[PDB]
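A note on names: the letters A, B, ... follow the listed sequences, proteins ahead of strands, and every chain is numbered from 1. Both backbone and side-chain heavy atoms feed into the values below; hydrogens, waters and symmetry mates do not.
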Amino acid sequence: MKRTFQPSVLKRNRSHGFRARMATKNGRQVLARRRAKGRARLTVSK
Amino acid sequence: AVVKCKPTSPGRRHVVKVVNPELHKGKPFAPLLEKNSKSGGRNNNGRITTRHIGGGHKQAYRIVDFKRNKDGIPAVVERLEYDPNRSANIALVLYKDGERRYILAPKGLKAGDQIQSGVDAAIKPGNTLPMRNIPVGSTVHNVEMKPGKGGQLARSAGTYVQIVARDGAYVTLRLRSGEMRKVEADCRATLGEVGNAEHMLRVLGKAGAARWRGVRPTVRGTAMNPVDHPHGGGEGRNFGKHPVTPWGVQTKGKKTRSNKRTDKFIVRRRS
RNA sequence: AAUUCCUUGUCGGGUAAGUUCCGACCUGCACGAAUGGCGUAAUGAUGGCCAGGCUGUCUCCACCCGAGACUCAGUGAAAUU
RNA sequence: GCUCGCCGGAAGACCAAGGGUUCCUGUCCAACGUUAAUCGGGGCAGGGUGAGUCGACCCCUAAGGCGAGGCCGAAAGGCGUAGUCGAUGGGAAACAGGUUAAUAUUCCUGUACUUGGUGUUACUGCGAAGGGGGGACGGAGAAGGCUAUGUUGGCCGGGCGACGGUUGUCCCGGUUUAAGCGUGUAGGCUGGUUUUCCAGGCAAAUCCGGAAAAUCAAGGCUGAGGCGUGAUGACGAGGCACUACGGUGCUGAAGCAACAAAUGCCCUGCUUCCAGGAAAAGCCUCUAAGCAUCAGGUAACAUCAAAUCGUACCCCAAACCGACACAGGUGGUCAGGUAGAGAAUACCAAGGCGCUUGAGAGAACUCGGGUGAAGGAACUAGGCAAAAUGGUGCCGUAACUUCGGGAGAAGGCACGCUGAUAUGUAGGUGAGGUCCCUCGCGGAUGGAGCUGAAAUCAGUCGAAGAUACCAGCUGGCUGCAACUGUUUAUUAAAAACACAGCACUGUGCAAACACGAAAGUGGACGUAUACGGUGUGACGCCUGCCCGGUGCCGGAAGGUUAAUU
RNA sequence: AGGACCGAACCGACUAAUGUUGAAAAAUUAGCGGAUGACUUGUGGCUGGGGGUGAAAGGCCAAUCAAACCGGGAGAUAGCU
């Protein structure tokens, strides 16, 4: 059966990447929360 | 020409085609083409604003000259062409200076017929003049509502207007809708009727024929779960309320004209 | 009647026997003319009924070929309590 | 290692996506592997990915995104111009052979090609953020001409048979060779050439377009394949010396023809139809502003440069998505032989596998199958299931019908093999030879050789000749819906939803309407033969009476009636 | 010529059996429907929660839908266990 996760690096970065998060007020707040929490990986970039 | 196909299959019994051999069996004039991407009835917000629009055959836009401001220069008709962006056919005309343009095809226009625009033009079909110089009681098309911007009335397949009077700077017209409207006596109009009259006798014959035109199916509303439509639902076929649009408006007699800005040119609105 | 409560309505047809089916009757509990009425060739993995052919569906089960079940060796769960 | 069995339009081979060292070698067996394990996609270590031509980056844009100013909006922010990003598309160039345990159109050998920089020489009007051309485009169908490829023959080499026969019409194997350069064919499109003039192409223009004359008909463009060269080469079944039987050096014969033939090429073509079929750049041209013994431009030669990143391996799967080494899912490319209409099906080739627990036994019962006396739906809610029909050709074929259908209606007959007609026919293919010729990949004649149905007559074997796989049950009455379609992913596929058609109604364009505090956008680059909404639902015969109620559309004498005063 | 016919790929899912701590959180096997079109499919893009999309089932919107998911108000309230 076809499942939900059909990977694509392009769509992954364009939807959840660093530059996508850094392009909106609410996206920049996502990074601020993950920095304050201490996340080692902020985004799905690499 | 109107011709009825034969019932070789369900889907061809009732199809009625409009065949015109005078049309050009070739490619159109490229310099007057443009890209026309489809919308699906969606706006810049990506929301469906007009329902029942989607798909269909790819189309290229033909740049038509609705203004006809090439005064004092005769033009000869080269050929008639099919235009998918409208119901009427168009004509490729060639001027004496070597310029080519597209125009709406009047009733009895052929290849080789001469036309002309301006006030010094003759009174014959295809020519364009300001309605001030048009004899009253004549039939015209591609009428301008404001001088210089281009025709906006009587542009469909077999549509035409009739000049009924001329009081002053204005003139009165009866539109194909029966409405009696008046416009300035400086708006240009083209003599004759748009020639594709048999376009109304066309019978699609099947659903796919409408999908080719870009029309998506219409779901009524009675069987639509009142969360989606006032007509909503019911156990069986109930429909016990006044006919109403989505968003709650009658749609069975209620008038919705609320302009009030013109309110001067309308005399005999209709019926 | 995709609508008829009384109801397996009554007559007829089909069956040795037909609450279903088909055709008529009309006492339409409570059809009805674009929330359409009556017909309608063709079409339908559509509903109902009748025939020919076919058969282990059945009278009534029998045998056979294989995979498990059973035994040996190895690995080694579960619900529940 | 010898056998057996399975896939073979894949269970083979090459990729994208995705994964990210799973690749190769050595070593280890605790854990991981549904068992053991000396093995492994496991542990440890080492090694491995070589590009001017493949791809990415790069140039160009689509949908769409961002968006200087700007418009709008309590703030956040929204829309959008100029612009700038964005492939799933367009844009220059490399082929064969050989080689590593693991890479290769990337290394080596051989033979080529493309775009730029610099310089020299000769001849010169060069120049764009502009104009024009071109790029540039649909569906279906029809053949014709070709190739990939295959078969047979011939040629070369080898072989004479574990059991009767096999020196012959016998058996096995091989018979391969590219890009590029040259030739410009089958065939397709278009009439060329010179001169004069012009309200057009935001200005100009020798270019495009247009008009009027003269002059010639042969002019050009495009174009598969073939032929030649590339190639005195390479490859080559098998041999000769080494030969740790692990392989390395040398040598290496034939290397032609005919027939058949694609879904691939000519073909972005031809014909035809309506639903009428991207954009931009590169590229070819035109000149302007400007620069002219310069600079620049064309051609020849020479030289330099072509960076950077990816390249291992899996990729219908044990490596991706599914928690698993999970009977699932996953886009593109390659497409052998016999039979066959066929990419179905059966058996095979190349190649790849036997699916990571086995050994015995041969109870009930369950699962998946085979056969069945007599009867033949008596079973059951119901012929559920199963059985059965099944192919080609000819004959033949009802009611009804919208005259198309119904219809493959129903039903009936014949099908193998051998020989002859005919030492292989009709047909297809077409050599040599002869003749013509603008002598050319030419034309005509010519018919060798090759290939090869179908039919008839006769004879013959079997219980059975469409013998296997494959492969319609049929008919009669009737309800509903016209039909093809759509739907409750995961208990409902239907009489429901759509549907063409019909009707009412709204809408005169800054349209109604809709998304939006707004700007604005869609509707529509449309204009009442249009658009939106509602109901009905092909077609045919029809659609009756009622406006008191509710709503909608009008109307006005009067009454009542808000803020305000 | 055809929303034409038979029928593989491909897209679907009418019937039955199996399986139901499954091989599989909807599949397998034997049959079945469509198969030049209102077809199917790859890549990328747009529509965001009282909103979207919907040939309309209250269907779908990441195994979740008569109002998604995450976090917060929040130790909501619970005359009930």
Side-chain angles (χ1 to χ4, degrees), chain A residues 1-11 23 25, chain B residues 5-15 17 28 30-31 34-37 39 41-53 55-61 72-73 82-88 94-100 145 151-159 175-177 179 181 194 196-201 203-213 216-225 227-228 231 237-240 242-247 249-257 259 261-262 265-266 269:
Chain A
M1 308 176 61
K2 193 185 197 181
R3 289 271 110 83
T4 53
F5 184 54
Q6 299 304 323
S8 169
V9 180
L10 182 59
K11 304 215 297 188
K25 181 85 83 205
Chain B
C5 300
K6 284 191 170 180
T8 49
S9 67
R12 297 278 291 189
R13 312 196 69 106
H14 315 291
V15 62
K17 294 195 295 181
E34 268 185 19
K35 185 174 80 75
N36 191 26
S37 173
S39 65
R42 293 149 168 81
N43 71 340
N44 52 11
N45 294 336
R47 303 285 189 86
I48 291 169
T49 57
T50 308
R51 311 181 307 167
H52 317 329
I53 300 171
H57 205 110
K58 201 182 199 174
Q59 298 171 337
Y61 181 71
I73 317 187
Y82 178 91
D83 191 356
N85 305 278
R86 67 201 67 258
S87 60
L94 173 53
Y95 291 79
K96 280 282 177 179
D97 56 2
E99 185 171 5
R100 284 188 176 80
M145 304 180 70
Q152 303 180 272
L153 310 168
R155 284 165 33 157
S156 196
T159 307
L175 282 52
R176 193 62 169 70
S177 171
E179 178 166 308
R181 197 212 167 86
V194 191
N196 203 10
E198 54 184 12
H199 156 268
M200 68 206 304
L201 306 174
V203 180
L204 305 186
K206 56 169 184 174
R211 308 290 273 95
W212 302 340
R213 307 306 217 288
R216 276 181 53 71
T218 289
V219 53
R220 279 171 285 134
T222 314
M224 293 225 318
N225 279 335
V227 72
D228 310 312
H231 300 174
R237 312 195 174 109
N238 298 138
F239 203 102
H242 294 117
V244 88
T245 356
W247 317 288
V249 185
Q250 184 90 348
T251 56
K252 198 71 72 164
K254 180 145 193 299
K255 296 182 168 290
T256 185
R257 173 173 215 271
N259 174 278
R261 168 166 53 86
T262 84
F265 321 134
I266 317 311
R269 180 98 188 287

Under 3.5 Å donor-acceptor pair, B:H14 side-chain atoms to D:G501 base atoms: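 No, the side chain and the base share no sub-3.5 Å donor-acceptor pair.
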Near-parallel close bases D:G46 and D:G47 (centres under 5.5 Å, planes under 30°): yes
Stacked pair D:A244-D:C245 by ring centres under 5.5 Å and planes under 30°: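 So D:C245 stacks onto its neighbour D:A244: no.
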B:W212 over D:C274, stacked by centroid distance under 5.5 Å, angle under 30°: no
Watson-Crick or G-U counterpart of D:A253, or none if no pair lies under 3.5 Å: none
Closest nucleotide among D:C513, D:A510, E:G3 to the B:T256 side chain: D:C513
Nearest-nucleotide 5' precedence on RNA chain E, A:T4 against B:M224: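 Residue closer to the 5' terminus by nearest nucleotide: B:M224.
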Base D:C504 paired with B:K252 side chain (donor-acceptor, <3.5 Å): yes
Euclidean distance, atom CZ of residue B:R269 to atom P of D:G508 [Å, nearest integer]: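 Rounded to the whole Å, the gap is 4 Å.
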So which protein nitrogen or oxygen atoms get under 3.5 Å of nucleotides 316-319 of chain D's nitrogens or oxygens?
none

Grab the N/O contacts between the protein and nucleotides 68-76 of chain D below 3.5 Å, and write none if there aren't any.
none

Rounded distance (nearest 0.5 Å) linking atom CZ of B:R181 with atom CG of B:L153: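 CG of B:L153 is found 7.0 Å from CZ of B:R181.
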Between the protein and nucleotides 32-36 of chain C, list the N/O to N/O atom pairs that are separated by less than 3.5 angstrom.
from  : atom 1 : to     : atom 2 : distance (Å)
C:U35 : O2     : B:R237 : O      : 3.1
C:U35 : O2     : B:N238 : O      : 2.7
C:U35 : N3     : B:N238 : O      : 2.9

Below 3.5 Å is the cut-off: list the nitrogen or oxygen pairs between protein and nucleotides 60-63 of chain D, distance only.
from  : atom 1 : to    : atom 2 : distance (Å)
D:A62 : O3'    : B:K35 : NZ     : 3.4
D:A63 : OP1    : B:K35 : NZ     : 2.8

Whole-Å gap separating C1' (D:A511) and CZ (B:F265):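 After rounding, the gap between these two atoms is 15 Å.
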Sugar-phosphate, base or nothing in reach of B:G151, heavy atoms under 4.0 Å: nothing
Base paired to D:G119 (Watson-Crick or G-U; both N/O distances under 3.5 angstrom):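 Checking every strand shown, D:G119 finds its partner in D:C301, with both distances under 3.5 Å.
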Sugar half of pseudorotation for D:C326 [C1'-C2'-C3'-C4' sign: + north, - south]: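 The D:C326 sugar sits on the south side, the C2'-endo region.
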Touch class at under 4.0 angstrom, heavy-atom based, for B:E179 against every strand present: base
With B:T49 via side-chain hydrogen bond (donor to acceptor under 3.5 Å, both in side chains) - residues at least two apart: none
In D:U49, glycosidic geometry as syn within 90° of 0 or anti otherwise: syn
Dump every N/O contact between nucleotides 281-287 of chain D and the protein below 3.5 Å, one line per pair.
none

All side chain to side chain contact (heavy atoms under 4.5 Å, CB included) counterparts of B:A88, not counting sequence neighbours: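 Partners of B:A88 under the side chain to side chain contact (heavy atoms under 4.5 Å, CB included) test: B:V194.
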B:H57: side-chain hydrogen bond (donor to acceptor under 3.5 Å, both in side chains) partners, not counting sequence neighbours: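 B:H57: no side-chain hydrogen bond (donor to acceptor under 3.5 Å, both in side chains) contacts found.
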Closest to side chain of B:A210, choosing from D:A500, E:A1, D:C509: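 From the listed options, D:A500 comes nearest.
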Ring-on-base stacking D:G210 with B:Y95 (under 5.5 Å, under 30°):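 Stacking between B:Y95 and D:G210: absent.
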No-H, no-angle donor-acceptor pair, B:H231 side chain to D:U534 base, under 3.5 Å: no
Pairwise P distance for D:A344 and D:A11, with rounding to whole Å: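 One P to the other, the span is 13 Å.
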Partner nucleotide of D:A306 by Watson-Crick or wobble geometry (both distances under 3.5 Å): D:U114
Heavy-atom protein contacts under 4.0 Å, nucleotides 39-47 of chain E, coded B base, S sugar-phosphate only, - none: -----SSSS
D:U366: pairing nucleotide in any strand, Watson-Crick or G-U under 3.5 angstrom: C:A67
Rounded distance in Å - NZ (B:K206) to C1' (D:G501): 16 Å
Nearest-angstrom distance from the residue atom CG of B:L94 to P of D:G209: 12 Å
Residues 2-10 of chain A side chain polar contacts: donor-acceptor under 3.5 Å, at least two apart:
from : atom 1 : to   : atom 2 : distance (Å)
A:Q6 : NE2    : A:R3 : O      : 3.2

Strand partner of C:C11, provided both Watson-Crick or wobble distances fall under 3.5 Å: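 Base-paired to C:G23.
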Donor/acceptor link under 3.5 angstrom from B:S9 side chain onto base of E:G2: no
Residues that B:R155 engages under side-chain hydrogen bond (donor to acceptor under 3.5 Å, both in side chains), provided they are two or more places apart: none
Give each protein N/O atom lying under 3.5 Å from an N/O atom of nucleotides 38-46 of chain C, with the pair distance.
none

Residue pair B:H52 / B:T218, side-chain donor-acceptor N/O under 3.5 Å: yes
